[PDB]
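Read through the structure below, which is laid out as structure tokens, and then see the notes.
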Number of protein chains: 2
Amino acid sequence: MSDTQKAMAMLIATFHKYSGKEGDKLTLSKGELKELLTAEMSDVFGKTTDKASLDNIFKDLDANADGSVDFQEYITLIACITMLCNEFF
Amino acid sequence: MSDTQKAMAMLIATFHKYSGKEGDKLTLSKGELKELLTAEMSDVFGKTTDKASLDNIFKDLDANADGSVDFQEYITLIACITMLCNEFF
Ligand SMILES: [Mg+2]
Ligand SMILES: [Mg+2]
């Protein structure tokens with residue numbers, strides 16, 4: 001396993017903790033993504049952060065407006081929060 | 001550091017090995033991304049894989065057609081290759 005493969009395995013495992021592992025297509029609901037962000041990005045998000053901030057982030061991620069985000073959307077968010085994307089501006 | 005933060009740090013470090021660390025905006029050229037994929041995803045890509053396959057992947061990732069991909073585009077690719085995205089179909 002390369003470092004890249006190990007890192008992806010860890011990111012998938014965190015996604016699995018909050019999503020299902022038994023669903024046909026693994027997705028996070030809005031409340032599940034909020035719990036994930038506050039627990040895993042606790043120095044950028046906290047349970048003190050505005051719930052409106054988290055809600056607006058989810059609405060922009062949930063492009064199809066079904067109330068769920070998939071793994072690809074989730075990791076795009078994490079990568080953008082970490083290496084602060086200029087697309088945010 | 002959470003598991004998610006550690007995994008992102010590792011993915012950023014791999015990106016840095018092939019991109020610059022001194023450029024204003026860190027990007028990978030086409031040849032740099034190809035080297036990264038063959039070294040870090042060696043059971044999905046190999047130096048035996050068609051160079052045309054890698055070239056078509058880069059052209060679809062390089063959305064602005066400038067010959068470079070950024071970190072967000074790169075990680076979208078890695079996440080799609082790992083958890084095989086149905087968007088590929
Ligand atoms: Mg959705
Ligand atoms: Mg480009």
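A note on labels: chains of the structure tokens are A, B, ... as shown, every chain counts residues from 1, and ligands are counted from 1 in their shown order.
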What residues have any atom no more than 6 Å from ligand 1 when counting only C-alpha atoms and all ligand atoms, and can you list them as an mmCIF file with N, CA, C and O atoms, in the first residue's frame?
```
data_model
loop_
_atom_site.group_PDB
_atom_site.id
_atom_site.type_symbol
_atom_site.label_atom_id
_atom_site.label_comp_id
_atom_site.auth_asym_id
_atom_site.auth_seq_id
_atom_site.Cartn_x
_atom_site.Cartn_y
_atom_site.Cartn_z
ATOM 1 N N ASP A 62 -24.398 19.543 -1.722
ATOM 2 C CA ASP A 62 -25.494 18.697 -2.190
ATOM 3 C C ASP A 62 -26.039 19.282 -3.490
ATOM 4 O O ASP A 62 -27.082 19.939 -3.532
ATOM 5 N N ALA A 63 -25.325 19.000 -4.582
ATOM 6 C CA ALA A 63 -25.618 19.646 -5.856
ATOM 7 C C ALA A 63 -26.966 19.217 -6.425
ATOM 8 O O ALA A 63 -27.653 20.026 -7.063
ATOM 9 N N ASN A 64 -27.354 17.961 -6.218
ATOM 10 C CA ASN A 64 -28.628 17.464 -6.720
ATOM 11 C C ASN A 64 -29.781 17.716 -5.757
ATOM 12 O O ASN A 64 -30.921 17.351 -6.070
ATOM 13 N N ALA A 65 -29.509 18.322 -4.599
ATOM 14 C CA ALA A 65 -30.547 18.789 -3.681
ATOM 15 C C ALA A 65 -31.406 17.652 -3.137
ATOM 16 O O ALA A 65 -32.586 17.846 -2.844
ATOM 17 N N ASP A 66 -30.832 16.461 -2.987
ATOM 18 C CA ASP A 66 -31.575 15.327 -2.452
ATOM 19 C C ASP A 66 -31.390 15.146 -0.951
ATOM 20 O O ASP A 66 -31.991 14.238 -0.367
ATOM 21 N N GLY A 67 -30.581 15.991 -0.316
ATOM 22 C CA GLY A 67 -30.336 15.872 1.106
ATOM 23 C C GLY A 67 -29.204 14.944 1.481
ATOM 24 O O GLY A 67 -29.057 14.616 2.663
ATOM 25 N N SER A 68 -28.402 14.504 0.512
ATOM 26 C CA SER A 68 -27.284 13.608 0.769
ATOM 27 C C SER A 68 -26.089 14.044 -0.064
ATOM 28 O O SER A 68 -26.242 14.630 -1.138
ATOM 29 N N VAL A 69 -24.892 13.757 0.441
ATOM 30 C CA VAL A 69 -23.656 13.952 -0.308
ATOM 31 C C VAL A 69 -22.938 12.613 -0.384
ATOM 32 O O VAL A 69 -23.034 11.797 0.539
#
```
(message) Residues of stretch 12-72 of chain B classed as alpha helix (DSSP H) by DSSP on the backbone are to be reported as number ranges by chain.
(response) B: 12-18, 30-40, 51-61, 71-72
Output C-alpha atoms of each residue in that selection to a file, as a short mmCIF file (atom, residue, chain, number, x, y, z; two decimals), in the first residue's frame.
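Saved as again-v1.cif:
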```
data_model
loop_
_atom_site.label_atom_id
_atom_site.label_comp_id
_atom_site.auth_asym_id
_atom_site.auth_seq_id
_atom_site.Cartn_x
_atom_site.Cartn_y
_atom_site.Cartn_z
CA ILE B 12 -0.80 16.86 0.35
CA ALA B 13 2.73 15.53 0.92
CA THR B 14 2.47 13.20 -2.09
CA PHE B 15 1.20 16.08 -4.21
CA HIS B 16 4.20 18.15 -3.05
CA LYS B 17 6.70 15.47 -4.12
CA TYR B 18 5.74 15.93 -7.78
CA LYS B 30 0.62 16.30 -17.31
CA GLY B 31 3.93 14.45 -17.06
CA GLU B 32 4.05 15.01 -13.31
CA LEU B 33 0.57 13.60 -12.72
CA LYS B 34 1.43 10.55 -14.83
CA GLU B 35 4.53 9.87 -12.72
CA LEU B 36 2.49 10.29 -9.52
CA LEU B 37 -0.24 7.86 -10.60
CA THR B 38 2.16 5.12 -11.71
CA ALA B 39 4.13 5.36 -8.45
CA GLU B 40 1.25 5.80 -5.97
CA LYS B 51 -0.08 6.46 -22.29
CA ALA B 52 -3.22 7.40 -24.22
CA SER B 53 -5.33 6.33 -21.24
CA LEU B 54 -3.37 8.61 -18.91
CA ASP B 55 -3.46 11.45 -21.45
CA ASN B 56 -7.25 11.28 -21.77
CA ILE B 57 -7.66 11.25 -17.99
CA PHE B 58 -5.54 14.39 -17.69
CA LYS B 59 -7.44 16.22 -20.44
CA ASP B 60 -10.73 15.56 -18.65
CA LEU B 61 -9.28 16.66 -15.30
CA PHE B 71 -4.80 19.80 -5.63
CA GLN B 72 -8.60 19.81 -5.63
#
```
What residues in chain B lie within 12 Å of chain A, counting only C-alpha atoms, written as a PDB file with C-alpha atoms, in the first residue's frame?
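In the end it all went to iface_35.pdb:
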```pdb
ATOM      1  CA  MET B   1      -4.610  15.554  14.577  1.00  0.00           C
ATOM      2  CA  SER B   2      -7.678  13.565  13.609  1.00  0.00           C
ATOM      3  CA  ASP B   3      -7.451  10.622  11.219  1.00  0.00           C
ATOM      4  CA  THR B   4      -8.990  12.816   8.523  1.00  0.00           C
ATOM      5  CA  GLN B   5      -6.397  15.542   9.095  1.00  0.00           C
ATOM      6  CA  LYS B   6      -3.566  12.994   9.050  1.00  0.00           C
ATOM      7  CA  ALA B   7      -4.813  11.450   5.814  1.00  0.00           C
ATOM      8  CA  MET B   8      -5.079  14.874   4.169  1.00  0.00           C
ATOM      9  CA  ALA B   9      -1.555  15.737   5.315  1.00  0.00           C
ATOM     10  CA  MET B  10      -0.286  12.574   3.620  1.00  0.00           C
ATOM     11  CA  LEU B  11      -2.159  13.305   0.387  1.00  0.00           C
ATOM     12  CA  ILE B  12      -0.796  16.861   0.354  1.00  0.00           C
ATOM     13  CA  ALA B  13       2.730  15.528   0.924  1.00  0.00           C
ATOM     14  CA  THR B  14       2.471  13.196  -2.085  1.00  0.00           C
ATOM     15  CA  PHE B  15       1.201  16.084  -4.214  1.00  0.00           C
ATOM     16  CA  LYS B  17       6.702  15.474  -4.117  1.00  0.00           C
ATOM     17  CA  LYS B  25      -0.085  27.999  -6.731  1.00  0.00           C
ATOM     18  CA  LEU B  26       0.902  24.341  -6.530  1.00  0.00           C
ATOM     19  CA  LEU B  36       2.486  10.286  -9.524  1.00  0.00           C
ATOM     20  CA  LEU B  37      -0.242   7.863 -10.598  1.00  0.00           C
ATOM     21  CA  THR B  38       2.155   5.121 -11.707  1.00  0.00           C
ATOM     22  CA  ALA B  39       4.127   5.362  -8.447  1.00  0.00           C
ATOM     23  CA  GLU B  40       1.250   5.805  -5.971  1.00  0.00           C
ATOM     24  CA  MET B  41      -1.590   3.847  -7.606  1.00  0.00           C
ATOM     25  CA  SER B  42       0.655   1.105  -8.981  1.00  0.00           C
ATOM     26  CA  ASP B  43      -2.015  -1.635  -8.914  1.00  0.00           C
ATOM     27  CA  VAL B  44      -4.498   0.462 -10.921  1.00  0.00           C
ATOM     28  CA  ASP B  70      -4.473  21.647  -8.915  1.00  0.00           C
ATOM     29  CA  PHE B  71      -4.803  19.798  -5.625  1.00  0.00           C
ATOM     30  CA  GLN B  72      -8.604  19.809  -5.631  1.00  0.00           C
ATOM     31  CA  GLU B  73      -8.757  18.302  -9.130  1.00  0.00           C
ATOM     32  CA  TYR B  74      -6.088  15.743  -8.243  1.00  0.00           C
ATOM     33  CA  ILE B  75      -7.883  14.498  -5.130  1.00  0.00           C
ATOM     34  CA  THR B  76     -11.181  14.286  -7.022  1.00  0.00           C
ATOM     35  CA  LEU B  77      -9.386  11.940  -9.424  1.00  0.00           C
ATOM     36  CA  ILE B  78      -7.880   9.818  -6.640  1.00  0.00           C
ATOM     37  CA  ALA B  79     -11.214   9.562  -4.833  1.00  0.00           C
ATOM     38  CA  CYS B  80     -12.920   8.568  -8.087  1.00  0.00           C
ATOM     39  CA  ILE B  81     -10.347   5.889  -8.923  1.00  0.00           C
ATOM     40  CA  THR B  82     -10.502   4.413  -5.413  1.00  0.00           C
ATOM     41  CA  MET B  83     -14.268   4.350  -4.795  1.00  0.00           C
ATOM     42  CA  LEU B  84     -15.072   3.876  -8.491  1.00  0.00           C
ATOM     43  CA  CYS B  85     -17.347   6.812  -9.351  1.00  0.00           C
ATOM     44  CA  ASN B  86     -20.526   6.040 -11.277  1.00  0.00           C
ATOM     45  CA  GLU B  87     -19.935   9.427 -12.919  1.00  0.00           C
TER      46      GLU B  87
END
```
(message) Please compute the atom CA of residue B:88-atom CA of residue A:22 distance, one decimal, in Å.
(response)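 Distance between the two atoms: 22.5 Å.
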(message) as JSON, numbers by chain, please: every residue in chain B that DSSP puts in strand (DSSP E).
(response) {"B": [27, 28, 29, 68, 69, 70]}
Residues from last step as file, N, CA, C and O atoms, as a JSON list (two decimals), in the first residue's frame:
```json
[["chain", "number", "residue", "atom", "x", "y", "z"],
["B", 27, "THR", "N", 0.64, 23.16, -8.63],
["B", 27, "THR", "CA", -0.07, 22.43, -9.67],
["B", 27, "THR", "C", 0.82, 21.30, -10.17],
["B", 27, "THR", "O", 2.03, 21.29, -9.96],
["B", 28, "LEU", "N", 0.19, 20.34, -10.84],
["B", 28, "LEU", "CA", 0.90, 19.25, -11.49],
["B", 28, "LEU", "C", 0.75, 19.41, -12.99],
["B", 28, "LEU", "O", -0.35, 19.61, -13.50],
["B", 29, "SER", "N", 1.87, 19.30, -13.71],
["B", 29, "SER", "CA", 1.80, 19.19, -15.15],
["B", 29, "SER", "C", 1.37, 17.77, -15.53],
["B", 29, "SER", "O", 1.29, 16.87, -14.69],
["B", 68, "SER", "N", -2.24, 22.04, -16.56],
["B", 68, "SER", "CA", -1.95, 21.80, -15.16],
["B", 68, "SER", "C", -3.23, 21.43, -14.43],
["B", 68, "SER", "O", -4.33, 21.85, -14.82],
["B", 69, "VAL", "N", -3.10, 20.64, -13.37],
["B", 69, "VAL", "CA", -4.20, 20.34, -12.46],
["B", 69, "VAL", "C", -3.80, 20.77, -11.06],
["B", 69, "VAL", "O", -2.61, 20.72, -10.71],
["B", 70, "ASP", "N", -4.77, 21.23, -10.27],
["B", 70, "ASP", "CA", -4.47, 21.65, -8.92],
["B", 70, "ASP", "C", -4.80, 20.53, -7.93],
["B", 70, "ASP", "O", -5.19, 19.42, -8.31]]
```
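Taking atom CA of residue A:45 and atom CA of residue A:21 as the two end points, the separation is 25.1 Å.
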(request) Kindly give the distance, in Å, that separates atom CA of residue B:20 and atom CA of residue B:48, rounded to a single decimal. (result)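 According to the coordinates, atom CA of residue B:20 and atom CA of residue B:48 are separated by 26.4 Å.
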